[PDB]
>>> print(open('input-v8.tsv').read())   # TSV, C-alpha atoms
chain	number	residue	atom	x	y	z
W	1	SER	CA	11.82	13.01	-15.47
W	2	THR	CA	12.14	10.53	-12.61
W	3	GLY	CA	11.77	10.39	-8.83
W	4	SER	CA	13.18	8.10	-6.12
W	5	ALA	CA	12.19	8.14	-2.45
W	6	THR	CA	12.93	5.90	0.52
W	7	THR	CA	9.99	4.30	2.32
W	8	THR	CA	10.35	3.33	6.01
W	9	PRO	CA	8.32	0.97	8.25
W	10	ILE	CA	6.34	2.83	10.91
W	11	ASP	CA	7.08	0.20	13.58
W	12	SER	CA	8.91	-3.05	14.29
W	13	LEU	CA	6.18	-5.17	12.64
W	14	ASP	CA	6.07	-3.38	9.25
W	15	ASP	CA	2.43	-2.42	9.93
W	16	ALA	CA	2.73	0.27	7.24
W	17	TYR	CA	5.40	2.30	5.43
W	18	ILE	CA	5.85	6.08	5.27
W	19	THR	CA	7.51	8.11	2.52
W	20	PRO	CA	8.43	11.81	2.80
W	21	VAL	CA	6.50	14.12	0.43
W	22	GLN	CA	7.13	17.85	-0.15
W	23	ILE	CA	3.96	19.95	-0.41
W	24	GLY	CA	3.71	23.67	-1.13
W	25	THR	CA	6.12	26.61	-1.30
W	26	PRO	CA	8.24	26.74	0.77
W	27	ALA	CA	8.11	22.96	1.09
W	28	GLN	CA	6.18	21.37	3.93
W	29	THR	CA	7.37	17.78	4.33
W	30	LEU	CA	4.76	15.24	5.43
W	31	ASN	CA	5.23	11.47	5.81
W	32	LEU	CA	2.55	9.78	3.71
W	33	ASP	CA	1.36	6.18	3.37
W	34	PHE	CA	1.68	5.31	-0.35
W	35	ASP	CA	-1.40	3.23	-1.15
W	36	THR	CA	-1.81	1.35	-4.44
W	37	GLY	CA	-5.31	0.40	-3.23
W	38	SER	CA	-6.80	3.92	-3.24
W	39	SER	CA	-6.67	7.12	-5.28
W	40	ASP	CA	-6.85	10.13	-2.92
W	41	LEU	CA	-3.87	12.19	-1.73
W	42	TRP	CA	-5.09	13.48	1.64
W	43	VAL	CA	-3.28	15.08	4.57
W	44	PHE	CA	-3.64	16.11	8.17
W	45	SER	CA	-3.88	19.89	8.03
W	46	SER	CA	-4.50	23.17	9.81
W	47	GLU	CA	-8.20	22.46	9.07
W	48	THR	CA	-8.30	19.10	10.88
W	49	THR	CA	-10.52	19.07	13.99
W	50	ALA	CA	-8.03	19.76	16.78
W	51	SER	CA	-9.09	16.87	19.05
W	52	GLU	CA	-8.43	14.47	16.14
W	53	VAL	CA	-4.77	15.49	15.75
W	54	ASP	CA	-2.27	13.73	18.05
W	55	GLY	CA	1.35	14.15	16.97
W	56	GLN	CA	0.96	14.23	13.17
W	57	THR	CA	2.69	16.85	11.04
W	58	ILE	CA	0.09	19.08	9.40
W	59	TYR	CA	-0.13	20.85	6.04
W	60	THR	CA	-1.00	24.54	6.41
W	61	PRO	CA	-2.12	25.83	3.02
W	62	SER	CA	-2.18	29.48	4.18
W	63	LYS	CA	1.63	29.26	4.52
W	64	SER	CA	2.10	28.02	0.94
W	65	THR	CA	2.36	30.67	-1.77
W	66	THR	CA	1.36	28.11	-4.42
W	67	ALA	CA	-1.74	26.73	-2.61
W	68	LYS	CA	-5.15	27.50	-4.14
W	69	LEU	CA	-8.53	26.46	-2.76
W	70	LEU	CA	-10.34	24.23	-5.25
W	71	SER	CA	-13.62	26.02	-4.78
W	72	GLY	CA	-16.62	23.86	-3.94
W	73	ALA	CA	-14.70	20.57	-3.95
W	74	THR	CA	-15.10	18.06	-1.10
W	75	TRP	CA	-13.95	14.50	-0.51
W	76	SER	CA	-14.88	11.61	1.75
W	77	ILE	CA	-13.38	8.14	1.87
W	78	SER	CA	-13.86	4.89	3.76
W	79	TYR	CA	-11.20	2.18	3.76
W	80	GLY	CA	-11.43	-1.61	3.92
W	81	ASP	CA	-10.43	-1.63	7.58
W	82	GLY	CA	-13.31	0.68	8.49
W	83	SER	CA	-11.26	3.83	8.87
W	84	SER	CA	-12.33	7.07	7.20
W	85	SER	CA	-11.59	10.74	6.56
W	86	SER	CA	-13.10	13.73	4.75
W	87	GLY	CA	-12.61	17.41	4.01
W	88	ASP	CA	-12.03	20.01	1.30
W	89	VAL	CA	-9.42	20.41	-1.43
W	90	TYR	CA	-6.49	22.61	-2.47
W	91	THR	CA	-4.22	22.43	-5.47
W	92	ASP	CA	-0.51	22.82	-4.76
W	93	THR	CA	2.96	21.73	-5.84
W	94	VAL	CA	3.84	18.21	-4.71
W	95	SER	CA	7.25	16.55	-4.98
W	96	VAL	CA	8.26	12.96	-4.30
W	97	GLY	CA	11.93	12.04	-4.38
W	98	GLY	CA	12.81	14.89	-6.75
W	99	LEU	CA	9.79	14.46	-9.06
W	100	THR	CA	7.51	17.52	-9.06
W	101	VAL	CA	3.85	17.88	-10.03
W	102	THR	CA	2.26	21.32	-10.14
W	103	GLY	CA	-1.50	21.66	-9.63
W	104	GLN	CA	-1.85	18.42	-7.66
W	105	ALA	CA	-5.09	17.98	-5.72
W	106	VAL	CA	-4.16	17.93	-2.04
W	107	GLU	CA	-7.17	16.84	-0.03
W	108	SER	CA	-7.21	18.59	3.35
W	109	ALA	CA	-8.78	16.60	6.19
W	110	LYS	CA	-11.42	18.30	8.31
W	111	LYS	CA	-12.30	14.96	9.98
W	112	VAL	CA	-10.39	11.71	10.48
W	113	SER	CA	-11.42	8.50	12.26
W	114	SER	CA	-9.84	7.29	15.49
W	115	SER	CA	-7.36	4.88	13.90
W	116	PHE	CA	-5.76	7.78	12.01
W	117	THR	CA	-5.62	10.01	15.11
W	118	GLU	CA	-4.07	7.19	17.12
W	119	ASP	CA	-1.26	6.69	14.57
W	120	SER	CA	1.13	9.59	15.11
W	121	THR	CA	3.53	8.39	12.40
W	122	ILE	CA	1.21	8.72	9.36
W	123	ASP	CA	0.49	12.29	8.18
W	124	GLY	CA	-1.83	11.22	5.34
W	125	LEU	CA	-2.16	8.92	2.32
W	126	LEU	CA	-0.94	9.16	-1.26
W	127	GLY	CA	-3.13	7.04	-3.51
W	128	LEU	CA	-1.63	5.15	-6.45
W	129	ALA	CA	-4.62	3.14	-7.72
W	130	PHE	CA	-6.53	4.34	-10.82
W	131	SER	CA	-7.97	7.85	-10.79
W	132	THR	CA	-11.49	6.47	-11.40
W	133	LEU	CA	-11.60	5.73	-7.63
W	134	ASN	CA	-10.80	9.31	-6.58
W	135	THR	CA	-13.51	10.61	-4.23
W	136	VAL	CA	-13.39	14.37	-4.94
W	137	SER	CA	-16.78	15.84	-5.81
W	138	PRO	CA	-18.14	17.37	-7.99
W	139	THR	CA	-14.98	17.24	-10.12
W	140	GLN	CA	-12.97	14.03	-9.74
W	141	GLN	CA	-9.21	14.56	-9.42
W	142	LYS	CA	-6.15	12.71	-10.72
W	143	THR	CA	-3.56	10.83	-8.67
W	144	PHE	CA	0.03	12.03	-8.35
W	145	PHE	CA	1.13	9.26	-10.74
W	146	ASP	CA	-1.46	10.11	-13.37
W	147	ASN	CA	-0.47	13.78	-13.23
W	148	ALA	CA	3.24	12.91	-13.50
W	149	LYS	CA	2.93	10.18	-16.14
W	150	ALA	CA	3.35	12.17	-19.35
W	151	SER	CA	6.55	13.75	-18.01
W	152	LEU	CA	8.13	10.52	-16.78
W	153	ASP	CA	10.88	8.83	-18.78
W	154	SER	CA	8.69	5.69	-18.73
W	155	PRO	CA	5.06	5.54	-17.49
W	156	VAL	CA	5.81	3.31	-14.49
W	157	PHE	CA	6.44	3.29	-10.75
W	158	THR	CA	8.02	0.53	-8.68
W	159	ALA	CA	7.59	-0.64	-5.11
W	160	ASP	CA	10.54	-2.27	-3.33
W	161	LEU	CA	9.37	-2.69	0.27
W	162	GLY	CA	11.76	-3.92	2.96
W	163	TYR	CA	11.31	-6.60	5.58
W	164	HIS	CA	11.98	-4.88	8.90
W	165	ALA	CA	14.00	-2.32	6.88
W	166	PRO	CA	13.57	0.67	4.57
W	167	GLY	CA	12.83	0.27	0.88
W	168	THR	CA	12.22	2.41	-2.19
W	169	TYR	CA	9.50	3.86	-4.41
W	170	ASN	CA	10.79	4.87	-7.87
W	171	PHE	CA	8.89	6.83	-10.51
W	172	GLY	CA	9.69	6.80	-14.21
W	173	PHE	CA	12.37	4.09	-14.35
W	174	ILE	CA	13.14	0.49	-13.47
W	175	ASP	CA	16.30	0.06	-11.35
W	176	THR	CA	17.86	-3.06	-12.85
W	177	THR	CA	20.21	-3.38	-9.85
W	178	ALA	CA	17.29	-3.79	-7.40
W	179	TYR	CA	16.18	-7.34	-8.27
W	180	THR	CA	17.55	-10.76	-9.19
W	181	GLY	CA	16.73	-12.72	-12.34
W	182	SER	CA	13.99	-11.43	-14.63
W	183	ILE	CA	10.76	-9.49	-14.09
W	184	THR	CA	7.66	-11.51	-15.00
W	185	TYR	CA	4.80	-9.36	-16.28
W	186	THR	CA	1.14	-10.26	-15.91
W	187	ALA	CA	-2.16	-8.78	-17.10
W	188	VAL	CA	-4.12	-6.17	-15.11
W	189	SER	CA	-7.85	-5.47	-15.01
W	190	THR	CA	-8.71	-1.85	-14.19
W	191	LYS	CA	-12.47	-2.55	-14.10
W	192	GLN	CA	-12.69	-2.05	-10.32
W	193	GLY	CA	-10.06	0.75	-10.30
W	194	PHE	CA	-7.36	-1.44	-8.70
W	195	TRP	CA	-4.12	-3.06	-9.84
W	196	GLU	CA	-6.06	-6.33	-10.15
W	197	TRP	CA	-4.31	-9.43	-11.48
W	198	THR	CA	-4.52	-13.25	-11.36
W	199	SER	CA	-1.93	-15.33	-9.54
W	200	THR	CA	-1.31	-18.77	-11.01
W	201	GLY	CA	-1.22	-20.64	-7.70
W	202	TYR	CA	0.60	-21.32	-4.45
W	203	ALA	CA	2.75	-23.62	-2.35
W	204	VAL	CA	3.16	-24.01	1.41
W	205	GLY	CA	6.75	-24.46	2.62
W	206	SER	CA	8.54	-27.17	0.63
W	207	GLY	CA	5.20	-28.56	-0.59
W	208	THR	CA	4.11	-29.09	-4.16
W	209	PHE	CA	2.79	-26.13	-6.14
W	210	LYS	CA	-0.99	-26.02	-6.58
W	211	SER	CA	-1.99	-24.54	-9.95
W	212	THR	CA	-5.11	-22.45	-9.39
W	213	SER	CA	-6.20	-18.97	-10.47
W	214	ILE	CA	-6.39	-16.44	-7.64
W	215	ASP	CA	-7.72	-13.02	-8.60
W	216	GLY	CA	-6.54	-10.23	-6.32
W	217	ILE	CA	-5.13	-6.73	-5.97
W	218	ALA	CA	-1.59	-5.48	-5.42
W	219	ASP	CA	-2.13	-3.18	-2.44
W	220	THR	CA	0.76	-1.44	-0.69
W	221	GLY	CA	-1.67	0.16	1.79
W	222	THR	CA	-2.79	-3.22	3.24
W	223	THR	CA	-0.46	-4.85	5.80
W	224	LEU	CA	-1.30	-8.53	5.37
W	225	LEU	CA	-1.89	-11.16	2.67
W	226	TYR	CA	-5.60	-11.99	2.35
W	227	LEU	CA	-6.42	-15.12	0.33
W	228	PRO	CA	-9.31	-17.60	-0.04
W	229	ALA	CA	-10.19	-19.62	3.06
W	230	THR	CA	-9.13	-22.89	1.39
W	231	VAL	CA	-5.60	-21.56	0.74
W	232	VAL	CA	-5.24	-20.01	4.17
W	233	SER	CA	-6.41	-23.20	5.93
W	234	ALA	CA	-3.84	-25.22	3.94
W	235	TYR	CA	-1.09	-22.81	5.14
W	236	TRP	CA	-1.98	-22.80	8.86
W	237	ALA	CA	-2.55	-26.57	8.93
W	238	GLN	CA	1.25	-26.82	8.63
W	239	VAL	CA	1.81	-24.91	11.90
W	240	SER	CA	1.26	-26.94	15.07
W	241	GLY	CA	-1.31	-25.32	17.32
W	242	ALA	CA	-2.42	-22.65	14.84
W	243	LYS	CA	-6.14	-21.86	14.85
W	244	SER	CA	-8.61	-19.24	13.70
W	245	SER	CA	-9.74	-17.15	16.65
W	246	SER	CA	-12.99	-15.23	16.28
W	247	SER	CA	-12.16	-13.23	19.42
W	248	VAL	CA	-8.80	-12.05	18.04
W	249	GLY	CA	-10.12	-11.77	14.47
W	250	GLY	CA	-8.06	-14.24	12.48
W	251	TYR	CA	-5.47	-16.98	12.58
W	252	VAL	CA	-3.10	-17.02	15.54
W	253	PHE	CA	-0.24	-19.40	16.26
W	254	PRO	CA	2.07	-20.35	19.16
W	255	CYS	CA	4.93	-17.86	19.34
W	256	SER	CA	7.26	-20.88	19.77
W	257	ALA	CA	6.54	-22.04	16.18
W	258	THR	CA	8.82	-21.84	13.17
W	259	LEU	CA	6.63	-20.68	10.28
W	260	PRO	CA	6.84	-22.24	6.80
W	261	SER	CA	7.34	-20.08	3.72
W	262	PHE	CA	4.49	-19.31	1.31
W	263	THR	CA	4.99	-19.23	-2.46
W	264	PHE	CA	2.70	-17.47	-4.96
W	265	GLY	CA	2.72	-17.78	-8.74
W	266	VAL	CA	3.14	-14.98	-11.25
W	267	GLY	CA	2.71	-16.67	-14.62
W	268	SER	CA	5.33	-19.43	-14.70
W	269	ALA	CA	7.43	-17.58	-12.10
W	270	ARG	CA	7.37	-17.97	-8.30
W	271	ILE	CA	7.72	-15.48	-5.45
W	272	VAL	CA	8.69	-16.95	-2.08
W	273	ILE	CA	7.57	-15.22	1.12
W	274	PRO	CA	9.88	-16.36	3.97
W	275	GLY	CA	8.15	-17.70	7.07
W	276	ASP	CA	9.46	-14.84	9.22
W	277	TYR	CA	7.51	-12.33	7.08
W	278	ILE	CA	4.29	-14.03	8.25
W	279	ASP	CA	4.95	-13.37	11.98
W	280	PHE	CA	3.10	-10.35	13.37
W	281	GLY	CA	4.08	-10.96	16.99
W	282	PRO	CA	2.19	-11.38	20.26
W	283	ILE	CA	-1.54	-10.58	20.15
W	284	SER	CA	-1.00	-8.47	23.28
W	285	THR	CA	2.15	-7.62	25.27
W	286	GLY	CA	3.52	-10.71	27.00
W	287	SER	CA	1.24	-13.18	25.22
W	288	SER	CA	2.55	-16.46	23.79
W	289	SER	CA	-0.09	-16.35	21.04
W	290	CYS	CA	1.09	-14.59	17.89
W	291	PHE	CA	-0.88	-13.06	15.03
W	292	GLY	CA	-0.55	-14.51	11.54
W	293	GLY	CA	0.35	-12.55	8.43
W	294	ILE	CA	-1.76	-14.64	6.07
W	295	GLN	CA	-5.51	-14.32	6.67
W	296	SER	CA	-8.78	-15.24	4.96
W	297	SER	CA	-10.30	-12.81	2.48
W	298	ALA	CA	-13.76	-14.36	2.99
W	299	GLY	CA	-15.22	-11.34	4.81
W	300	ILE	CA	-13.71	-8.82	2.32
W	301	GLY	CA	-15.01	-9.66	-1.15
W	302	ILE	CA	-11.58	-9.53	-2.80
W	303	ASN	CA	-8.17	-11.17	-2.34
W	304	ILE	CA	-5.43	-8.71	-1.36
W	305	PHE	CA	-1.71	-9.06	-2.03
W	306	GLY	CA	-0.71	-6.63	0.70
W	307	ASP	CA	2.70	-5.80	2.16
W	308	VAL	CA	3.44	-9.34	3.42
W	309	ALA	CA	3.44	-10.50	-0.21
W	310	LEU	CA	4.76	-7.38	-1.96
W	311	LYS	CA	7.80	-6.96	0.29
W	312	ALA	CA	9.06	-10.37	-0.95
W	313	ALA	CA	9.31	-8.89	-4.47
W	314	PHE	CA	10.41	-6.03	-6.66
W	315	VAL	CA	7.07	-4.86	-8.08
W	316	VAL	CA	6.52	-2.85	-11.28
W	317	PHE	CA	3.28	-0.90	-11.67
W	318	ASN	CA	3.25	-0.33	-15.44
W	319	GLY	CA	0.90	2.53	-16.33
W	320	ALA	CA	1.16	2.19	-20.10
W	321	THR	CA	-2.00	2.44	-22.22
W	322	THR	CA	-2.68	-1.19	-21.32
W	323	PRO	CA	-1.45	-1.45	-17.73
W	324	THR	CA	0.43	-4.52	-16.47
W	325	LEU	CA	2.16	-5.66	-13.26
W	326	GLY	CA	5.67	-7.06	-13.00
W	327	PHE	CA	7.18	-9.17	-10.21
W	328	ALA	CA	10.81	-10.15	-9.64
W	329	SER	CA	12.60	-11.86	-6.78
W	330	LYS	CA	15.23	-9.79	-4.96
>>> encode(input="input-v8.tsv", output="structure tokens")
Amino acid sequence: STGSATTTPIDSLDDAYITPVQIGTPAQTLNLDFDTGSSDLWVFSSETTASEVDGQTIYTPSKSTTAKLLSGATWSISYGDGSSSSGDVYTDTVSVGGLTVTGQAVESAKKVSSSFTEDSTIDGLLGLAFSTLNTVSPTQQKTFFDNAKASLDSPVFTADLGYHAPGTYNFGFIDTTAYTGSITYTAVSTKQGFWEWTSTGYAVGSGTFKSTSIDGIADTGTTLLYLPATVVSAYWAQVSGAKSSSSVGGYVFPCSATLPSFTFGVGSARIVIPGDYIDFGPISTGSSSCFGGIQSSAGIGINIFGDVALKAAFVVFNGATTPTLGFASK
């Protein structure tokens, strides 16, 4: 089998992407944030504290003839940005882009943090990291991809995120029309449960390439590119007037600037992020200070190749017995 679904930016800055997902019978369609940095499929629901729901579409398991309470199971998750959610668990039929999994754990939120409430466009998350990170207790549950894998034509999914435009998530096949040149594959460590890999280096604008190993994760659920402070300082030093602002919480730059590109290495191959992809707009309405899309990972503990980087590439998440990651230009 295969599946193919369009993913759409939630706003004009590409702050996140939402993909429609069918849950239950008859189908209830919710727009979920596909997140290769976590491993829980959770949704706003009829069980979510009413004051914490503000415009989201909810899953109502009592209206699904295929929903079953997973008795005794609970979940609770905290994300890198400090957001969180928790609740109980159902199993139900879940379909993405024509690909159907029966018996999928659908984690129903009883509580969500303010950032989730305040984002009316995201109805939940669909985790695509390794199932070892799944938070369901006392019986850990599998991700949608793990459940689907044996049935797929090939044990892979691909992310093709757009810049200020829709893109595509495919399951079970590699669309050879969706990228230019060749896909370069690179080793993955699953030891922390992430799609963790080692970039071979970077360049700033038309500058020379610096060969240096940068360990990080491919994370579709993170907006920005978070890299070591040395690398990030070298980037922003090429933008007149750019500075790190502790009050804003990262590097900002004059909105009048033209940003240089940023290149990252994948083996001997190179992925070029255009300067425009690094512009996250005014820090507040009307301001002439703009927020940067490349930021230091120093406070985080891990480097993160988030959407700013991934949207410059066609990315293969290869879930074979020994997983790998593939990157192509497009």
>>> atom_distance(input="input-v8.tsv", atom1="atom CA of residue W:69", atom2="atom CA of residue W:31")
22.1 Å
>>> residues_around(input="input-v8.tsv", residues="residue W:218", least_positions_apart="2", cutoff="12 Å", atoms="only C-alpha atoms", output="PyMOL selection string")
chain W and resi 35-38+128-129+158-159+186+188-190+193-199+215-216+220-226+302-311+313+315-317+324-327
>>> closest_residue(input="input-v8.tsv", among="W:146, W:84, W:300, W:110", to="residue W:132", atoms="all atoms listed in the file")
W:146
>>> closest_residue(input="input-v8.tsv", among="W:39, W:296, W:288, W:213", to="residue W:130", atoms="all atoms listed in the file")
W:39
>>> residues_around(input="input-v8.tsv", residues="residue W:243", least_positions_apart="5", cutoff="7 Å", atoms="all atoms listed in the file", output="list in words")
residues 251, 252 and 253 of chain W
>>> residues_near_point(input="input-v8.tsv", point="(-1.3, 9.9, 6.6)", cutoff="12 Å", atoms="all atoms listed in the file", output="PyMOL selection string")
chain W and resi 10+16-21+29-35+40-45+53+55-59+83-85+107-109+112-113+115-127+221
>>> atom_distance(input="input-v8.tsv", atom1="atom CA of residue W:66", atom2="atom CA of residue W:88")
16.7 Å
>>> atom_distance(input="input-v8.tsv", atom1="atom CA of residue W:256", atom2="atom CA of residue W:329")
28.5 Å
>>> build_atoms(input="input-v8.tsv", residues="stretch 261-284 of chain W", atoms="N, CA, C and O atoms", output="compact mmCIF listing (two decimals), keeping the file's coordinate frame")
# COMPACT_ATOMS: atom_id res chain seq x y z
N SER W 261 7.49 -21.07 4.78
CA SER W 261 7.34 -20.08 3.72
C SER W 261 6.00 -20.26 2.98
O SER W 261 5.30 -21.28 3.13
N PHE W 262 5.65 -19.25 2.18
CA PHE W 262 4.49 -19.31 1.31
C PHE W 262 4.91 -18.80 -0.06
O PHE W 262 5.48 -17.70 -0.17
N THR W 263 4.63 -19.58 -1.09
CA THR W 263 4.99 -19.23 -2.46
C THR W 263 3.73 -18.86 -3.24
O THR W 263 2.72 -19.57 -3.14
N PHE W 264 3.78 -17.77 -4.01
CA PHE W 264 2.70 -17.47 -4.96
C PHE W 264 3.21 -17.39 -6.39
O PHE W 264 4.36 -17.02 -6.63
N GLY W 265 2.35 -17.77 -7.33
CA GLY W 265 2.72 -17.78 -8.74
C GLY W 265 2.42 -16.48 -9.45
O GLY W 265 1.39 -15.86 -9.23
N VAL W 266 3.34 -16.09 -10.34
CA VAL W 266 3.14 -14.98 -11.25
C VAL W 266 3.49 -15.57 -12.62
O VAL W 266 4.66 -15.81 -12.91
N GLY W 267 2.48 -15.86 -13.44
CA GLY W 267 2.71 -16.67 -14.62
C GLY W 267 3.46 -17.94 -14.25
O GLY W 267 3.09 -18.64 -13.29
N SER W 268 4.53 -18.24 -14.98
CA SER W 268 5.33 -19.43 -14.70
C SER W 268 6.38 -19.17 -13.61
O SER W 268 7.10 -20.09 -13.20
N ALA W 269 6.47 -17.94 -13.13
CA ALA W 269 7.43 -17.58 -12.10
C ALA W 269 6.85 -17.76 -10.69
O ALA W 269 5.64 -17.93 -10.51
N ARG W 270 7.73 -17.70 -9.69
CA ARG W 270 7.37 -17.97 -8.30
C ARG W 270 8.02 -16.94 -7.39
O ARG W 270 9.21 -16.65 -7.51
N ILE W 271 7.22 -16.38 -6.48
CA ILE W 271 7.72 -15.48 -5.45
C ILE W 271 7.57 -16.17 -4.11
O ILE W 271 6.48 -16.62 -3.75
N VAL W 272 8.68 -16.25 -3.36
CA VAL W 272 8.69 -16.95 -2.08
C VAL W 272 8.69 -15.95 -0.92
O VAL W 272 9.59 -15.12 -0.81
N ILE W 273 7.66 -16.02 -0.09
CA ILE W 273 7.57 -15.22 1.12
C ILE W 273 8.18 -16.04 2.26
O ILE W 273 7.63 -17.08 2.62
N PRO W 274 9.30 -15.60 2.84
CA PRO W 274 9.88 -16.36 3.97
C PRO W 274 8.93 -16.43 5.16
O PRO W 274 8.15 -15.51 5.41
N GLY W 275 8.99 -17.53 5.90
CA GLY W 275 8.15 -17.70 7.07
C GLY W 275 8.18 -16.53 8.05
O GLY W 275 7.13 -16.16 8.58
N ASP W 276 9.36 -15.95 8.29
CA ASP W 276 9.46 -14.84 9.22
C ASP W 276 8.55 -13.66 8.85
O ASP W 276 8.05 -12.95 9.72
N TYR W 277 8.33 -13.46 7.55
CA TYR W 277 7.51 -12.33 7.08
C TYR W 277 6.05 -12.47 7.51
O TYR W 277 5.28 -11.51 7.48
N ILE W 278 5.67 -13.68 7.92
CA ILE W 278 4.29 -14.03 8.25
C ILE W 278 4.02 -13.90 9.77
O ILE W 278 2.90 -14.06 10.23
N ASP W 279 5.06 -13.56 10.53
CA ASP W 279 4.95 -13.37 11.98
C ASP W 279 4.64 -11.91 12.33
O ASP W 279 5.46 -11.02 12.08
N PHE W 280 3.47 -11.69 12.91
CA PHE W 280 3.10 -10.35 13.37
C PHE W 280 3.11 -10.19 14.90
O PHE W 280 2.59 -9.20 15.43
N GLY W 281 3.77 -11.12 15.58
CA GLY W 281 4.08 -10.96 16.99
C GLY W 281 2.92 -11.22 17.94
O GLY W 281 1.80 -11.53 17.53
N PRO W 282 3.19 -11.06 19.24
CA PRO W 282 2.19 -11.38 20.26
C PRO W 282 0.89 -10.59 20.08
O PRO W 282 0.93 -9.40 19.74
N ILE W 283 -0.25 -11.24 20.34
CA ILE W 283 -1.54 -10.58 20.15
C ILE W 283 -1.73 -9.42 21.12
O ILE W 283 -2.43 -8.46 20.82
N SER W 284 -1.07 -9.52 22.27
CA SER W 284 -1.00 -8.47 23.28
C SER W 284 0.35 -8.62 23.98
O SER W 284 0.92 -9.71 23.96
